[PDB]
Structures are given as C-alpha cells and as structure tokens.
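Now for the letters of each chain:
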Amino acid sequence: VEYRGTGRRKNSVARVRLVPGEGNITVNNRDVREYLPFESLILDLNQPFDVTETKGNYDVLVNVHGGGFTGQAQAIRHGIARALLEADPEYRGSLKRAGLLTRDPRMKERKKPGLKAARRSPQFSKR
Amino acid sequence: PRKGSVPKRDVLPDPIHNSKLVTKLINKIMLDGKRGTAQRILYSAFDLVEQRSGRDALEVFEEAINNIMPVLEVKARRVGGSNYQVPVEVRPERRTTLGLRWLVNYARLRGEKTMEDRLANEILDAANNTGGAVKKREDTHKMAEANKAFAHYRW
Amino acid sequence: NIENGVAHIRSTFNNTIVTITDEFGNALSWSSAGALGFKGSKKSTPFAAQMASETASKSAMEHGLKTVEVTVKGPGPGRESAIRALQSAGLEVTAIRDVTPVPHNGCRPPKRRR
Amino acid sequence: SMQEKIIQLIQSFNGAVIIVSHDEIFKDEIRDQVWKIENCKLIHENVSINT
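Sequence order sets the numbers: each chain starts from 1, possibly unlike the entry numbering, and residues with no coordinates are not included. For this description, chains carry letters from A and ligands carry numbers from 1, given in the order in which they are written. Here we see only some chains of a larger assembly; the values are for those chains and no others. The basis for the side-chain values is all heavy atoms of the structure; hydrogens and waters are excluded.

As deposited, the entry is annotated with cryo-EM as its determination method and 2.9 Å as its resolution.

The following block contains the structure:
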C-alpha cells in the first residue's frame, strides 16, 4: 500500500516511496537530519505535505543518487509530490498551483571557448 | 533595460522565525556562495542579542530595520555647467533592499571580534536610533533637504 | 497697529524679493532669496521664493496686517510660489496685478549675448 | 598672535589627534569626530537620536 514516484533536479536522481505512517524520513540508511546539514532543506522538501494538508500521514523512504545536498534535498521534494498525485490524483489541482510539478530544467552551462567560463570574458585593455 | 521590465525572485520563509526578512538577510550575509557559514552568524545573533534585551528576538530585530528605511534619497541629472542632484521619493520595496545592506556592511565596519556580535551589537544599537547604519538614513536625508530647491527638475 | 498692506513681489532670473508695505508705500518689512543665504542657481528657484515670501509676512504678520492685494513684477520662475507662500501664512489675498514696466517705445536696450 | 601659529600646526599634522578645547572658533572647522560625556558615559556623533 505504498505509492511511487521519481523526481529529478540538477543531476541528482532520487526514488521516493510514500507509505502509510507517521512523520519520519529515511534516506540511504540514514536519518535525513544526519543526511542533510541545513534546517533549510528539511523545511521545504516537505512542502508537498503542507500544500495538501496531510502534514503527518506518511513515512518517506527515499533512495538518492548524484549531486550534492541541495539537489538531493530537492529532487526528493519532486518525489513526495509525484507520489501523491498517484494516490489521490484529484489532489492535483492544488499541488500544481504552488508550482510543485515542474521538473525545474535549470542545469549547468557549457563552457564556451575564448571565454573563461560560460559567460565570463577575459579582461579587456585597448591600449 | 530598454525593452521593458522583469520579475524578481521570491524566497521562501525561514524555518524558525517564519519571515522572509531573515532569508533576505542571509543573502546579504552570505558571500562567495556559502550559506553554511552565514546561518551561524544569523541564528547566533538572535540569541546573542536575545539575552541582552528581554523582549522577543524578532521585534527587536524588526525595529532594527525600520529606523534605517530611507524615505527620500538623491538622484542625478546634468545642466551644461552643473549636474544637479534631484531628491526623489523611494518606493516601498527599495527601502527594504537598502535597510538590509546598510545593516550588514555597517557590521564589517565595527571593532568587535566575531561577526556573531558585530551583527549583534548593531541590531541593538540601531534599535535605539543610533550608530553607523542609522545615521545613514540621516546622511541621505539632509541631501534630500539641502536639495529641496531643485525638486522641480524631476521626472 | 497696521492693517491692509500690499505685497511687492519682484522676481528676476536671479533673486526674488518681497516687500510688504502699508497702503501708503511705507515698507513694513522686506526679505528675499539671497538674504536667507541662497547661492546662485538656488537663489533663483521656486523654493527660495517661498522661503523669502514668508520670512517676510510672518515678520509683519506681527503688526496685525492681514489682507494684502499683491502686485507682481518681473519675469520670474518663482513668482507664483510666492503667493502660496503668502496666502499660506495667514494673510488673505485680495486681488493681484502684473505691473511690469513697458516702454511705449523708449530707450534702447543692451546688446544680446553671443 | 600665537593662537594662529599653533592652529596651523595642529592642521598640518598628518597623524591623529585628540583635542580638548573650549573655544568655539578653533573646534568649528576641524570637527571630524565628536565624543561627549553626558551622564557617566561617552557618546558619539553617529547618534542621530537627538534631532
């Protein structure tokens, strides 16, 4: 009786598994407050849980891969919310008004030649 | 820019104090791209100050950014032999950008040791209309007074 | 003491001047932009003509004049702000006039500037 | 005559000075920082609480 969903963000891939239960989130054999180092990321990756108003009803059970702490603490939140339009798909009016079913396409940019970065030119002196 | 206008970026509240005037104060504190070592300095100066003064942590900080909100300010034109500084009125969302950097760069200009308490001695002095940050809505408030003459050159 | 004078606004392109008299041209008190210590290009402008027109009235306010019938003279950037300074400070204008000197073709005027 | 020959000296000194003085026309054009002793404590000129 567990729901399913993959969400991505920025070269992190995280597979999330909503269950029936009480508030608790385990990620890769660890409690996410050992996983995540800021209290900034554990407030909004349960953004789905305060938009639908099911604050504590689920144990979370994530599996993560890639990235770093923001992109994994944020590929998750796209799992919690793409496993909850799979339980009651008629939740979907309001979890999509908070802007939560966007994948968020903003990736890291090519480096261009004769520039020192993507968008950083070398220092110009004319004489 | 010429073609029009754009949005800004809208930041979600703090975990703890539940305002967006403390997420936009870490972005003034953060530097080089390090939100780790900016959230020591901002939760260790709500409780390095919360001892000193016996009311809440967020009403002695939010009165520490409302003595600093400059209400007037000067902008420039030319004449052809002079270049006059006009005084214009300040929007309701630019007074919140300046109060929050007139408070955080008037903290690296202070003679305490660790910037837990520079930011801590500057939110408690600035709460009493005094010191550094809050003369500078007074530097910036005679210049809109001296120049009260050139107001008709406005836009 | 005195009641009912007239205000003699006199604005030029540098410097306005307001002088309040009785109705017999008797010079109750005067004042003007450069007296307040305004330097050039400020001396000229509409702010200063509304200082100057109210450091006057309030110092002949004090003779109990309260009704004035203004007469205006000059070209002036700061003419008309000096009549909301006046009527501001409690004086109750009666009715105004633009008495400026106009030759019915008299003497010859200076060159013009290149 | 000697109050001018040492007002130029204090101004042509390229260091720091702490001046205690009671004459107004010497400490009027050199006012950079002005502390003060009101009750038992020193104050500054960055206290725009007065006016």
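> I would appreciate a short explanation of the pairing of strand β2 (residues 12-18) of chain A in the present structure.
Within a regular strand, side chains alternate between the sheet's two faces. Residue and element names in this part refer to chain A. Categorising residues by exposure relies on relative accessible area from a 1.4 Å probe, with only protein chains included: less than 20% of the type maximum marks a residue as buried, more than 50% marks it as exposed, and the intermediate range marks it as partly exposed. Going along the chain from the N terminus, every DSSP run of H or I of four or more residues is numbered as a helix, and every run of E of two or more is numbered as a strand. Burial of β2 is one-sided: the residues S12, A14, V16 and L18 facing one way are buried, the residues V13, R15 and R17 facing the other way are not. The pairing of strand β1 (residues 3-9) with β2 spans seven bridges and is antiparallel. The residue of β2 that forms the bridge with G5 is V16. At least two DSSP bridges between two strands are required for those strands to pair. Between β1 and β2, which pair antiparallel in sequence order, lie two residues; one of them, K10, sits at a positive phi of approximately 70°.

> Help me understand the sheet that holds strand β1 (residues 6-9) of chain C in this model?
Working definition: the strands of a sheet are paired by backbone hydrogen bonds and lie parallel or antiparallel to each other. All names here are of chain C. On the basis of which strands lie adjacent, the open sheet formed by three strands has the order β1-β2-β3 and antiparallel pairing. With one partner strand each, in any of the chains shown, β1 and β3 (29-32) form the two edges of the open sheet. Here the strands of the sheet are splayed against their neighbours by 15° on average, with no regard to which way each runs. Pairing between β1 and strand β2 (residues 17-21): four bridges, direction antiparallel. Structural elements are reduced to axes, namely lines fitted to C-alpha atoms, with helices fitted over the stretch in contact, and the angle between N-to-C directions of any two is expressed from 0 to 180 degrees.

> Quick question: what am I supposed to make of helix α1 (residues 48-55) of chain C here?
All names here are of chain C. If you check which residues of α1 are buried, you get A48, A49, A52 and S53. For α1, the angular spread of buried residues about the axis comes to 130°, placing them on one side. By definition in these notes, contact holds between two residues if any of their heavy atoms fall within 4.5 Å. Along its buried surface, α1 packs onto β2 and β3. As used here, the arc is the angular range of directions from the helix axis to the C-beta atoms.

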